[PDB]
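Below is one structure, written out as structure tokens; the observations come after it.
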Amino acid sequence: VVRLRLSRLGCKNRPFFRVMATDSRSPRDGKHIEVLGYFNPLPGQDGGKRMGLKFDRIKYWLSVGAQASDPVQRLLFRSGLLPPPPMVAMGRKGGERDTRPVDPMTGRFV
Amino acid sequence: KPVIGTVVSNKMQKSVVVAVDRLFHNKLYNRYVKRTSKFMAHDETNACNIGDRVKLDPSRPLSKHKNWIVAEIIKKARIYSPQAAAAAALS
Amino acid sequence: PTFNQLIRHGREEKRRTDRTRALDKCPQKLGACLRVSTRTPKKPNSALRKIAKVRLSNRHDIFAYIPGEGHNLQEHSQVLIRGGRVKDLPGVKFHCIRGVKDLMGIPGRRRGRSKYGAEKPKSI
Amino acid sequence: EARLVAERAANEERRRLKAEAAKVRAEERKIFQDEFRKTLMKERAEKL
RNA sequence: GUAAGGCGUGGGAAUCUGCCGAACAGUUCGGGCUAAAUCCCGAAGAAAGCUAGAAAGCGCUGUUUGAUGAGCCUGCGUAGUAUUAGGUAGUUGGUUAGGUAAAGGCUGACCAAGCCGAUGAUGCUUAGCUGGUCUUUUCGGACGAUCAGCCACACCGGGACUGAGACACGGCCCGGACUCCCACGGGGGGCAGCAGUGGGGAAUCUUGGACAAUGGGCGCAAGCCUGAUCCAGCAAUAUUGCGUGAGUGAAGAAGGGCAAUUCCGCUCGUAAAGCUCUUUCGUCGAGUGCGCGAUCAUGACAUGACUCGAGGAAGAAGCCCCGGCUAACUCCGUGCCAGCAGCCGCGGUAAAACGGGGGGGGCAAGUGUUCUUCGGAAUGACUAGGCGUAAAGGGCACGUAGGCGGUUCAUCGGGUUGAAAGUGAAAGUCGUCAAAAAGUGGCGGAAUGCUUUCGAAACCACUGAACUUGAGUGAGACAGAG
RNA sequence: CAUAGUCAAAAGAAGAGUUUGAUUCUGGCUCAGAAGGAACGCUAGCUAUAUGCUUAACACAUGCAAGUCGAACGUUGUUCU
Ligand SMILES: [K+]
Ligand SMILES: [K+]
Ligand SMILES: [K+]
Ligand SMILES: [K+]
Ligand SMILES: [K+]
Ligand SMILES: [K+]
Ligand SMILES: [K+]
Ligand SMILES: [Mg+2]
Ligand SMILES: [Mg+2]
Ligand SMILES: [Mg+2]
Ligand SMILES: [Mg+2]
Ligand SMILES: [Mg+2]
Ligand SMILES: [Mg+2]
Ligand SMILES: [Mg+2]
Ligand SMILES: [Mg+2]
Ligand SMILES: [Mg+2]
Ligand SMILES: [Mg+2]
Ligand SMILES: [Mg+2]
Ligand SMILES: [Mg+2]
Ligand SMILES: [Mg+2]
Ligand SMILES: [Mg+2]
Ligand SMILES: [Mg+2]
Ligand SMILES: [Mg+2]
Ligand SMILES: [Mg+2]
Ligand SMILES: [Mg+2]
Ligand SMILES: [Mg+2]
Ligand SMILES: [Mg+2]
Ligand SMILES: [Mg+2]
Ligand SMILES: [Mg+2]
Ligand SMILES: [Mg+2]
Ligand SMILES: [Mg+2]
Ligand SMILES: [Mg+2]
Ligand SMILES: [Mg+2]
Ligand SMILES: [Mg+2]
Ligand SMILES: [Mg+2]
Ligand SMILES: [Mg+2]
Ligand SMILES: [Mg+2]
Ligand SMILES: [Mg+2]
Ligand SMILES: [Mg+2]
Ligand SMILES: [Mg+2]
Ligand SMILES: [Mg+2]
Ligand SMILES: [Mg+2]
Ligand SMILES: [Mg+2]
Ligand SMILES: [Mg+2]
């Protein structure tokens with residue numbers, strides 16, 4: 001089965017991901033059919049995360065029956081190319097979060 | 001592309017061997033070197049003489065070394081027959 | 001040559017003999033001393049240079065020089081052998097390394113003393 | 001397919017224009033070759 | 001192991017393809033394994049049922065398809081050696097049967113004598129190939145270790161079975177060597193998986209933690225597996241990193257070295273000590289944690305990081321060298337000895353060259369030495385060299401292959417050339433920005449190539465008609481120890 | 001209008017010592033540069049990221065590296081109501 005999955009790039013303790021179209025039997029960072037985009041799991045200066053996708057190629061691979069992995073299902077819902085995964089209906093776990101403000105430039109308590 | 005060569009052997013049954021020339025570019029010394037391949041081709045009627053210029057088509061494997069089929073004889077080789085030549089002299 | 005000649009018959013390389021064939025492209029080789037002796041230099045030099053006949057671990061027999069002043073080598077002492085000839089002595093193409101295995105360092109040496117296995121003198 | 005048929009139409013015009021130019025050049029060639037042949041025939045007769 | 005059944009690159013036809021996507025049709029009846037079945041057999045047409053706990057949800061079968069893989073073939077490119085010249089006999093081809101999912105001498109039989117080779121077959125030696133790594137004004141040379149793609153192998157040989165897929169590293173059968181048990185009849189094993197141990201060697205690590213992330217198997221899920229991986233441990237092995245303080249300080253202290261023993265006699269030296277300031281890195285003590293990697297939830301790392309506090313310049317500088325090449329000089333000792341040495345060379349009583357003191361120079365958590373590669377080396381010269389006297393014109397020809405070689409006009413479109421399309425994996429090199437502070441990524445460029453289509457027609461090749469300047473003939477004159 | 005527009009894809013070319021009484025030439029040897037899966041000496045504070053049996057495809061102690069599904073199927077036997 002063709003799979004839309006995540007290949008690990010970056011370095012140790014600095015993860016970066018590429019979105020790949022692969023045969024399922026292939027090694028994780030080895031052989032692939034196509035690079036489809038990227039995803040940055042670390043939050044940047046803008047307060048959010050980054051992602052790029054080749055929308056037409058992802059539509060091609062989904063049209064011929066490729067199966068997205070568990071993080072790629074979330075990433076493709078978030079970009080609007082797939083419906084929401086079934087577990088996002090459960091809502092978030094609550095609890096008292098520490099909302100004491102920290103300075104953006106210095107990281108100390110305001 | 002189109003594969004054209006000269007018949008160098010025809011003594012097999014339904015088979016010829018065809019010599020095809022090509023130019024190899026020696027990149028270090030900037031010259032063009034003639035190289036020859038000998039290809040075995042199917043010739044059902046056994047019509048090709050040695051020295052004929054033929055065109056070959058690709059084919060599925062027909063035998064162990066036969067992968068081509070003779071399609072067209074472009075130029076026929078000249079064969080010296082002494083008695084036909086003597087009859088031409090008598091005319 | 002012409003370009004056609006170079007196509008037919010290219011260019012070969014220069015032929016140069018190996019300097020230390022017995023080291024077998026290793027940086028060092030362990031050995032055991034067979035005979036410890038002296039040898040006189042080629043003229044115009046004159047001395048008594050302390051050498052050692054060493055059988056290497058790859059069963060090669062070499063002559064190695066013992067550098068510095070004074071040594072403790074005997075027959076059947078383990079020596080680590082590095083490359084580098086001694087120009088006074090033909091046929092001696094190697095050196096013994098001071099301060100490793102049986103060949104001791106030279107205490108009292110003060111300058112250039114890591115080439116002679118000598119430690120740094122502790123200040124008191 | 002639209003680009004292919006437009007390209008074929010342009011090539012069909014270019015081919016006919018070149019054919020007409022080739023025909024008029026070949027018609028111009030024959031008078032020169034006949035005169036040149038007459039000149040060479042005269043020279044061979046003189047040498048004979 | 002393999003020198004072409006491999007690999008790189010581009011194509012092809014005579015094939016198969018579990019799981020995955022999308023249509024259609026079915027899913028009936030008997031028997032067998034102590035008991036049953038989605039196990040096995042039989043009949044039709046192929047099958048197989050489970051679930052009202054998963055009842056219109058899964059699953060299976062047949063037929064059409066997409067997608068992904070696999071098998072097969074092929075053009076071109078891809079070592080050394082001629083002090084290896086012939087090699088082949090299912091060999092090369094044909095016919096007919098068999099075998100295969102599938103072309104095929106794949107092989108049985110019959111027939112022919114072919115096929116390969118001086119454009120280097122065969123023999124011998126070495127070698128996995130590629131992307132790439134190091135070096136280098138482009139080219140080349142060496143390498144092919146990490147990582148990724150392809151191939152080969154799994155103690156050594158030989159086999160097949162099951163399966164969509166294997167002739168299968170941790171499957172089976174057989175033979176062999178080695179080895180461990182044995183109650184002595186006989187059994188068992190295969191770290192070139194991750195750790196680890198002997199051994200060899202100059203030399204190369206922990207018998208670690210977690211499946212939190214990513215990827216994979218099974219399962220409807222819940223989950224369960226995963227030495228893939230992720231992350232810790234050891235090692236200056238590498239890396240344009242950071243730190244070892246910042247100022248001030250003249251009793252120019254003591255002490256060391258040198259000195260007509262010159263100017264505080266010169267110098268170590270503002271150097272130290274002392275005094276003031278700041279505490280990066282490391283140390284110590286605490287505190288929050290949906291800070292972040294991960295989210296619906298789940299954190300091994302984490303005894304970390306972050307933030308705050310304590311403290312005190314405190315815990316942190318060597319190695320090589322100083323005759324020339326090559327930046328940096330004096331004293332003492334030694335006396336062709338002891339020794340030094342990359343090269344040239346030093347040492348035989350005033351040694352800047354050996355060894356120690358003192359001073360100084362270069363690099364700096366390194367710095368030397370050995371090995372190895374490229375450069376300098378235009379020192380195998382394509383870029384870019386030569387052969388009168390220095391290495392080097394064959395004693396001289398004739399001729400095979402090969403290489404090279406006049407003119408015009410016409411045709412053509414193989415090379416050449418222009419554009420378009422496909423391909424040229426990722427990583428790496430180059431450009432640029434952002435990120436980061438010894439760490440990353442995106443977009444480009446490059447990948448000089450190959451295939452297809454359509455233009456051009458000068459050149460090369462090919463075809464046709466011609467030309468006479470190069471070559472060769474004839475006629476007429478000659479010369480000659482040919 | 002504009003999350004537009006800008007057309008970048010390199011840099012990299014060094015010489016010295018040594019044959020002679022001296023010279024120029026030919027021609028080797030050696031040196032200054034960069035580098036490695038390196039090894040050894042002396043000497044070492046820190047963080048991070050890489051890399052770490054090149055030799056014996058030598059022999060291997062020990063633990064782990066491939067299982068999962070009761071939603072395919074019976075079977076026996078445990079508890080309790
Ligand atoms: K020495
Ligand atoms: K490949
Ligand atoms: K084998
Ligand atoms: K996991
Ligand atoms: K070192
Ligand atoms: K200090
Ligand atoms: K000739
Ligand atoms: Mg074949
Ligand atoms: Mg050969
Ligand atoms: Mg090998
Ligand atoms: Mg190679
Ligand atoms: Mg073994
Ligand atoms: Mg199976
Ligand atoms: Mg089968
Ligand atoms: Mg095993
Ligand atoms: Mg191991
Ligand atoms: Mg050992
Ligand atoms: Mg998973
Ligand atoms: Mg599933
Ligand atoms: Mg592990
Ligand atoms: Mg550094
Ligand atoms: Mg700190
Ligand atoms: Mg702490
Ligand atoms: Mg968190
Ligand atoms: Mg740590
Ligand atoms: Mg100087
Ligand atoms: Mg003296
Ligand atoms: Mg010196
Ligand atoms: Mg000295
Ligand atoms: Mg060169
Ligand atoms: Mg050069
Ligand atoms: Mg030249
Ligand atoms: Mg020369
Ligand atoms: Mg000449
Ligand atoms: Mg001559
Ligand atoms: Mg001669
Ligand atoms: Mg013309
Ligand atoms: Mg053309
Ligand atoms: Mg690329
Ligand atoms: Mg990058
Ligand atoms: Mg970049
Ligand atoms: Mg001389
Ligand atoms: Mg290895
Ligand atoms: Mg089972």
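FYI, side chains are in, hydrogens and waters are out, and symmetry mates aren't considered; it's all heavy atoms of this structure. So you know, we letter chains A, B, ... as the sequences are listed, proteins then strands, and number each from 1.
- Chain B approaches RNA chain E within less than 4.0 angstrom (heavy atoms of the protein), and the contacting nucleotides run 5' to 3' from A14(E) to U452(E).
- For RNA chain E, the residues of residues 30-39 of chain D within the heavy-atom distance limit of 4.0 Å (strictly under) are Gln33(D), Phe36(D), sorted by number.
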- Task: List the steps, then state whether side chain to side chain contact (heavy atoms under 4.5 Å, CB included) holds for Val72(A) with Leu6(A).
- Result: CA-CA 7 Å; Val72(A) 182; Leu6(A) 285 196; 3.9 Å; yes
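- Taking atom P in both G318(E) and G333(E), the straight-line distance is 30 Å, to the nearest Å.
- Within 6.0 Å of CD in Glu72(B) there are more than 12 heavy atoms belonging to other residues, nucleotides or ligands.
- Between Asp56(A) and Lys59(A) no salt bridge is recorded (no basic side-chain N to carboxylate O distance below 4.0 Å).
- Glycosidic conformation, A23(E): syn, with the torsion inside 90° of 0.
- As judged by a 4.0 angstrom heavy-atom cut-off over every strand, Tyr60(A) is placed among residues touching the sugar-phosphate backbone only.
- Under the rule for a salt bridge (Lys or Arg N to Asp or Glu O under 4.0 Å), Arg15(C) has no partner lying at least two apart in sequence or in another chain.
- Identified under the salt bridge (charged side-chain N to carboxylate O under 4.0 Å, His left out) test for residues 11-20 of chain B, with sequence neighbours left out: none.
- When the P atom is used for both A238(E) and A341(E), the distance is 25 Å, rounded to whole Å.
- Applying the 90° criterion around 0 to the glycosidic angle, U65(E) comes out anti.
- In this entry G405(E) carries a north-puckered sugar, per its positive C1'-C2'-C3'-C4' angle.
- Using Watson-Crick or G-U wobble geometry with both donor-acceptor distances under 3.5 Å, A446(E) finds no partner in any strand shown.
- Under 4.0 Å is where a charged nitrogen must lie from a carboxylate oxygen, and between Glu27(D) and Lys30(D) no such pair does.
- Of the two residues contacting RNA chain E, namely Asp98(A) and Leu6(A), the nearest-nucleotide position lying further toward the 5' end is that of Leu6(A).
- Across all strands shown, the partner of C106(E) is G98(E), judged by Watson-Crick or G-U wobble contacts whose two distances both fall under 3.5 Å.
- Residues in residues 24-48 of chain D take part in no ring-ring contact (aromatic ring centres under 6.0 Å, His included) pair, two or more places apart or across chains.
- Glycosidic conformation at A377(E) (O4'-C1'-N9-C4 for purines, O4'-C1'-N1-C2 for pyrimidines): syn, within 90° of 0.
- Both distances falling under 3.5 Å, in either a Watson-Crick or a G-U wobble arrangement, place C24(E) opposite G62(E).
- Across the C1' atoms, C205(E) and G5(E) are found 42 Å apart, a figure rounded to whole Å.
- The residues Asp57(B) and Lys55(B) are annotated as salt-bridged, a charged nitrogen and a carboxylate oxygen being separated by less than 4.0 angstrom.
- Across all strands shown, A37(E) remains unpaired; no Watson-Crick or G-U wobble contact has both distances below 3.5 Å.
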- Message: One pair to check against side chain to side chain contact (heavy atoms under 4.5 Å, CB included): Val54(C) and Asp61(C). What are the steps and the verdict?
- Response: CA-CA 6 Å; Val54(C) 173; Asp61(C) 272 319; over 6 Å; no
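- Residues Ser63(B) and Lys75(B) each lie close to RNA chain E; by heavy-atom proximity, the contact nearer the 5' end of the strand is made by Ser63(B).
- For the P atoms, the distance linking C191(E) with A50(F) amounts to 31 Å, nearest Å.
- By the 4.0 Å N-to-carboxylate-O rule, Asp52(B) lies too far from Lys75(B) to be salt-bridged with it.
- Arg49(C) reaches into the major groove: its side chain has a heavy atom less than 5.0 angstrom from a major-groove base atom.
- Using a 4.0 Å heavy-atom criterion, one finds that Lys43(C) contacts no nucleic acid atom at all.
- Across the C1' atoms, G255(E) and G358(E) are found 13 Å apart, a figure rounded to whole Å.
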- Passes side chain to side chain contact (heavy atoms under 4.5 Å, CB included), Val18(B) versus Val54(B)? Steps please. CA-CA 8 Å; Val18(B) 180; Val54(B) 294; 3.9 Å; yes
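- Here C263(E) sits opposite no nucleotide as a Watson-Crick or G-U wobble pair (both hydrogen-bonding atom distances under 3.5 Å).
- Consecutive bases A253(E) and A254(E) are counted as stacked, their six-membered rings lying with centres under 5.5 Å apart and planes tilted under 30°.
- With both pairing distances under 3.5 Å, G41(F) is matched to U367(E) as a Watson-Crick or G-U wobble pair.
- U135(E) and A235(E) are spaced 29 Å apart, taking the P atom of each and rounding to whole Å.
- For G105(E), the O4'-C1' to base torsion is within 90° of 0; the nucleotide is therefore syn.
- Taking the six-membered ring where the residue is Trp, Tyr65(C) and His95(C) present perpendicular rings, their angle passing 60° and hence far from 30°.
- Taking a cutoff of 4.0 Å between a charged side-chain nitrogen and a carboxylate oxygen, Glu20(D) and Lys23(D) do not qualify as a salt bridge.
- The gap from the P atom of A148(E) to that of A168(E) amounts to 25 Å, rounded to the nearest Å.
- Here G132(E) is in the anti range [glycosidic angle more than 90° from 0].
- Of the nucleotides present, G8(E) is the one that pairs with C76(E) by Watson-Crick or G-U wobble criteria, both distances under 3.5 Å.
- Only the P atoms considered, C231(E) is 15 Å distant from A212(E), to the nearest whole Å.
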- Item | Per-nucleotide protein contact string for nucleotides 27-43 of chain F (B base, S sugar-phosphate only, - none; heavy atom under 4.0 Å) | -SS---------BSBSS
